[PDB]
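*Asks:* Here it is, the structure, as structure tokens.
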Amino acid sequence: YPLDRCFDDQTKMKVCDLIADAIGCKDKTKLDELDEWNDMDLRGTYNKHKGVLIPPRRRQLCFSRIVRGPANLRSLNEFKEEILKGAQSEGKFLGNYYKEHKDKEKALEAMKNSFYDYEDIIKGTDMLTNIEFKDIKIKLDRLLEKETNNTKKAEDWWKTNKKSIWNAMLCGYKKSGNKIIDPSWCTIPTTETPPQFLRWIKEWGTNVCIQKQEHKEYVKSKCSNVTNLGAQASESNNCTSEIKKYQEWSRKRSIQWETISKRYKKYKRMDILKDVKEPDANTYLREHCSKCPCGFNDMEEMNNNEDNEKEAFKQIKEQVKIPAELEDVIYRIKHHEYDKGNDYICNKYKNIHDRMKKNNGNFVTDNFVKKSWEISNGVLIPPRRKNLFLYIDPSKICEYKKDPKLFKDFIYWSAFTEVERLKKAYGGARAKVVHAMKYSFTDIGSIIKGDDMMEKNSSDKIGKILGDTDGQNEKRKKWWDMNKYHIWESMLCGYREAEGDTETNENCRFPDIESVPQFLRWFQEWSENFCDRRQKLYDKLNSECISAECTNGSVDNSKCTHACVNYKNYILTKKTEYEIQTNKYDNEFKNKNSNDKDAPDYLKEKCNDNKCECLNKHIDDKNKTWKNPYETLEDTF
């Protein structure tokens, strides 16, 4: 009762106690956030804009000004503050559900949205046919203004005329008899007033994003941990269809926010800020509230496109894997890429890049493209990865690691700079650059998890950070994903610089090779860097002499003589490596995840470019090996 109790209590503030409730409020709380805000707010909605979604606006504008009489009972009107009487409390008056939901932030957000809605109405920004919205607002303002002065109507009237604003939420129900001692909760950022454009777009953003947060809540709570052995106990399959229903109504909102992209049509009244930059609505929502993303984009996948989709007939059916796909985190935009590059988030992401880190330590151009293979442990790590640009030093240590966000940004910067490094290394070669991004991304993943054979020093450094002080890398693993999406889109954005707008449809949108073991990835890339080198060799000097393998040691001309020399040295190196990777595989990566196949079969099936899957001339690379040319390399228990 008399406790600390934000100043409302300890004020001798019996004034609000003497203040009663408005004659309005025919409801204090009806059904909250759900499918009601669609178009049922106005008729002839085309006026002044297209018909749009609304907050709990028509659901709470308690109407004590029934008469709309003269400004004689309306000197300070005693209702535009009285209607708000009732607040964060035992749990009613616009937020009733939070007491059952056990979250004060729900009531606080309801208060803030309704409050700024009243600010809008006082200034006048509504697109809905409401009597108070009509002249009565400015009529009362002008009538109160009738003293041959004060033509600052909105600025002076904005609460009444005297006390700044917002004094009406305090002393709610039971004088707001349920609270939290922190004044930051007890008073909102009243001082800052987002503009009316920002207010209506934030109306939209909240009214959709908070609902989609609760939609994620339905997705996680029910329709998941079910239909997977099992529930409840009949089948619980139809729960899946329920999200299909959610999507449906949400998808309407989809096209609706497209109008929000236009909003006049005039794409924006104002520009880049904490929640708004609006190249599109999805960018706003990503830039939007702390208790965001979008969403949860823009799923389940109808559109939200260009491709990819699932998505037909509908579904296949064969059953839909949205259960398996989305029951687990993913909780956010992965769906992506699609974007494909038609965006703004990339360039502002570059605005993040080379800033907060000004290339204060940056290496490129070692020309590892034209180099050979090296053991470095007796293990033959790729020259692709040998100088992979990422390394930390003192001032980036366990004591330094109290800024995981900044460290994450540094990792993104490293990946982006790596993208430019590959650009310079190939001198620009888009097809090669895409696979460059593939192995670089997946090897950065290996490092950040920490399994690399050649890495022995910065692996310990990243072990110092991110915890995991034992041999286990659990926290590093649970970091790597989910950071996979952000790192990969970072590298894709880096790649887009030369293309501008050209989707890497040739590649898997997210590199699937992330799943497979790291050593297998190195073998795959060295196979990819193999027998494309061979084709270049045939182009160089086998083109003129002659057509194929010569029928002796080698001679038709001195040039392709040297071509055969390079060939046999290259094959010698390949046989040594192929041997070491084969024994490594059959020993310690064979038949885990039940890969019943020899390493060359893995080479065949994982390859898709068809440059690999060699199949050499004077064949040494194939699905098998000579000396009993059947296959090998099987293991079991």
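Residue names in the structure tokens use chain letters A, B, ... in the order shown, residue numbers from 1 in each chain, and ligand numbers from 1 in the order shown.
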Tell me which protein, DNA and RNA residues are within 9 Å of residue 127 in chain A, counting only C-alpha atoms, leaving out same-chain ones fewer than 4 positions away, and put them as a ChimeraX atom specification.

*Replies:* /A:42,45,47-49,51,133

*Asks:* Counting only C-alpha atoms, which residues of range 490-546 of chain A sit at most 12 Å from some atom of range 366-389 of chain A, and what is each one's closest atom pair with its distance in Å to one decimal, listed by chain and rising residue number, as a tab-separated table?

*Replies:*
residue	atom	partner	partner_atom	distance
A:518	CA	A:381	CA	11.0
A:519	CA	A:381	CA	9.0
A:520	CA	A:381	CA	11.6
A:521	CA	A:382	CA	10.3
A:522	CA	A:382	CA	6.7
A:523	CA	A:382	CA	8.7
A:524	CA	A:382	CA	10.7
A:525	CA	A:382	CA	8.3
A:526	CA	A:382	CA	7.1
A:527	CA	A:382	CA	10.9
A:528	CA	A:384	CA	11.5
A:529	CA	A:384	CA	9.5
A:530	CA	A:373	CA	11.5
A:533	CA	A:370	CA	10.6

*Asks:* With C-alpha atoms kept, could you save the residues just selected as a PDB file, in the first residue's frame?

*Replies:*
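This is the output file selection_24.pdb:
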ATOM      1  CA  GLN A 518      35.000 -30.743 -42.553  1.00  0.00           C
ATOM      2  CA  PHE A 519      37.681 -33.121 -43.831  1.00  0.00           C
ATOM      3  CA  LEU A 520      35.207 -34.454 -46.383  1.00  0.00           C
ATOM      4  CA  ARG A 521      34.618 -30.846 -47.425  1.00  0.00           C
ATOM      5  CA  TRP A 522      38.339 -30.304 -47.962  1.00  0.00           C
ATOM      6  CA  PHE A 523      38.520 -33.485 -50.027  1.00  0.00           C
ATOM      7  CA  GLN A 524      35.514 -32.353 -52.064  1.00  0.00           C
ATOM      8  CA  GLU A 525      37.032 -28.942 -52.776  1.00  0.00           C
ATOM      9  CA  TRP A 526      40.393 -30.441 -53.726  1.00  0.00           C
ATOM     10  CA  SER A 527      38.498 -32.715 -56.099  1.00  0.00           C
ATOM     11  CA  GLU A 528      36.741 -29.620 -57.434  1.00  0.00           C
ATOM     12  CA  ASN A 529      40.063 -27.829 -57.899  1.00  0.00           C
ATOM     13  CA  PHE A 530      41.066 -31.100 -59.591  1.00  0.00           C
ATOM     14  CA  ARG A 533      42.944 -27.933 -63.727  1.00  0.00           C
TER      15      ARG A 533
END

*Asks:* Could the residues of range 184-289 of chain A that have an atom at most 12 Å from range 101-106 of chain A be listed as JSON lines, each with its closest atom pair and the distance in Å to one decimal, counting only C-alpha atoms and ordered by chain and ascending residue number?

*Replies:*
{"residue": "A:184", "atom": "CA", "partner": "A:105", "partner_atom": "CA", "distance": 11.6}
{"residue": "A:185", "atom": "CA", "partner": "A:105", "partner_atom": "CA", "distance": 8.4}
{"residue": "A:186", "atom": "CA", "partner": "A:104", "partner_atom": "CA", "distance": 10.8}
{"residue": "A:188", "atom": "CA", "partner": "A:105", "partner_atom": "CA", "distance": 11.4}
{"residue": "A:206", "atom": "CA", "partner": "A:106", "partner_atom": "CA", "distance": 11.5}
{"residue": "A:210", "atom": "CA", "partner": "A:106", "partner_atom": "CA", "distance": 9.7}
{"residue": "A:211", "atom": "CA", "partner": "A:106", "partner_atom": "CA", "distance": 11.8}
{"residue": "A:214", "atom": "CA", "partner": "A:101", "partner_atom": "CA", "distance": 11.6}

*Asks:* Store the residues picked out above, limited to N, CA, C and O atoms, as an mmCIF file, in the first residue's frame.

*Replies:*
data_model
loop_
_atom_site.group_PDB
_atom_site.id
_atom_site.type_symbol
_atom_site.label_atom_id
_atom_site.label_comp_id
_atom_site.auth_asym_id
_atom_site.auth_seq_id
_atom_site.Cartn_x
_atom_site.Cartn_y
_atom_site.Cartn_z
ATOM 1 N N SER A 184 10.983 3.509 -15.116
ATOM 2 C CA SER A 184 11.027 3.324 -16.562
ATOM 3 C C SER A 184 9.791 2.595 -17.066
ATOM 4 O O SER A 184 9.272 2.915 -18.139
ATOM 5 N N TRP A 185 9.324 1.596 -16.322
ATOM 6 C CA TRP A 185 8.014 1.027 -16.592
ATOM 7 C C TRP A 185 6.894 1.984 -16.209
ATOM 8 O O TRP A 185 5.856 2.020 -16.879
ATOM 9 N N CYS A 186 7.085 2.762 -15.141
ATOM 10 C CA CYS A 186 6.010 3.615 -14.644
ATOM 11 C C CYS A 186 5.834 4.862 -15.506
ATOM 12 O O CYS A 186 4.758 5.472 -15.505
ATOM 13 N N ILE A 188 6.750 6.148 -19.644
ATOM 14 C CA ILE A 188 7.248 5.726 -20.951
ATOM 15 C C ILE A 188 8.065 6.873 -21.535
ATOM 16 O O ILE A 188 8.095 7.960 -20.939
ATOM 17 N N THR A 206 3.655 -2.992 -35.190
ATOM 18 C CA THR A 206 3.280 -3.695 -33.969
ATOM 19 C C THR A 206 2.095 -4.616 -34.210
ATOM 20 O O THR A 206 2.150 -5.810 -33.888
ATOM 21 N N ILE A 210 3.613 -8.292 -33.391
ATOM 22 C CA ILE A 210 3.285 -8.905 -32.108
ATOM 23 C C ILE A 210 2.378 -10.108 -32.328
ATOM 24 O O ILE A 210 2.536 -11.163 -31.694
ATOM 25 N N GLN A 211 1.431 -9.976 -33.256
ATOM 26 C CA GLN A 211 0.597 -11.109 -33.626
ATOM 27 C C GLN A 211 1.440 -12.248 -34.181
ATOM 28 O O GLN A 211 1.191 -13.415 -33.880
ATOM 29 N N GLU A 214 3.100 -14.068 -31.430
ATOM 30 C CA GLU A 214 2.184 -15.037 -30.841
ATOM 31 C C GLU A 214 1.915 -16.189 -31.803
ATOM 32 O O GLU A 214 1.572 -17.298 -31.381
#

*Asks:* Excluding range 189-198 of chain A and residues on its chain fewer than 4 positions from it, collect all residues at most 8 Å away from it, counting only C-alpha atoms, and give them as a PDB file with N, CA and C atoms, in the first residue's frame.

*Replies:*
ATOM      1  N   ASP A 120      -2.521  11.161 -31.887  1.00  0.00           N
ATOM      2  CA  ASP A 120      -2.890  11.282 -33.293  1.00  0.00           C
ATOM      3  C   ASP A 120      -4.239  11.960 -33.443  1.00  0.00           C
ATOM      4  N   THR A 125      -5.013  12.600 -37.371  1.00  0.00           N
ATOM      5  CA  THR A 125      -4.269  11.840 -38.365  1.00  0.00           C
ATOM      6  C   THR A 125      -5.044  10.584 -38.750  1.00  0.00           C
ATOM      7  N   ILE A 165       1.700  15.876 -20.852  1.00  0.00           N
ATOM      8  CA  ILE A 165       0.869  14.832 -21.441  1.00  0.00           C
ATOM      9  C   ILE A 165       0.769  13.664 -20.460  1.00  0.00           C
ATOM     10  N   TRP A 166      -0.074  12.674 -20.770  1.00  0.00           N
ATOM     11  CA  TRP A 166       0.098  11.293 -20.314  1.00  0.00           C
ATOM     12  C   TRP A 166      -0.284  11.099 -18.851  1.00  0.00           C
ATOM     13  N   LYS A 202       4.255   2.441 -37.304  1.00  0.00           N
ATOM     14  CA  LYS A 202       4.511   1.637 -36.113  1.00  0.00           C
ATOM     15  C   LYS A 202       3.241   0.936 -35.651  1.00  0.00           C
ATOM     16  N   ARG A 269       7.223   9.274 -46.066  1.00  0.00           N
ATOM     17  CA  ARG A 269       7.254  10.667 -45.634  1.00  0.00           C
ATOM     18  C   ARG A 269       8.579  11.027 -44.977  1.00  0.00           C
ATOM     19  N   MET A 270       9.235  10.057 -44.346  1.00  0.00           N
ATOM     20  CA  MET A 270      10.526  10.280 -43.713  1.00  0.00           C
ATOM     21  C   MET A 270      11.365   9.027 -43.913  1.00  0.00           C
ATOM     22  N   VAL A 276      12.566   2.415 -39.023  1.00  0.00           N
ATOM     23  CA  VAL A 276      12.134   2.710 -40.380  1.00  0.00           C
ATOM     24  C   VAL A 276      13.322   3.125 -41.241  1.00  0.00           C
TER      25      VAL A 276
END

*Asks:* Please identify all polymer residues within 9 Å of range 489-493 of chain A, counting only C-alpha atoms, omitting same-chain residues fewer than 3 positions from it, and present them as a count of residues only.

*Replies:* 26

*Asks:* Compile the contact shell of range 54-59 of chain A as a ChimeraX atom specification: residues with an atom at most 7 Å away, counting only C-alpha atoms, same-chain residues fewer than 6 positions apart removed.

*Replies:* /A:37,203,207

*Asks:* Env of residue 553 in chain A: 12 Å cut, atoms = only C-alpha atoms, seq-sep filter 4 positions within chain, self excluded. Answer as a PyMOL selection string.

*Replies:* chain A and resi 549+560-562+564-565+567-568
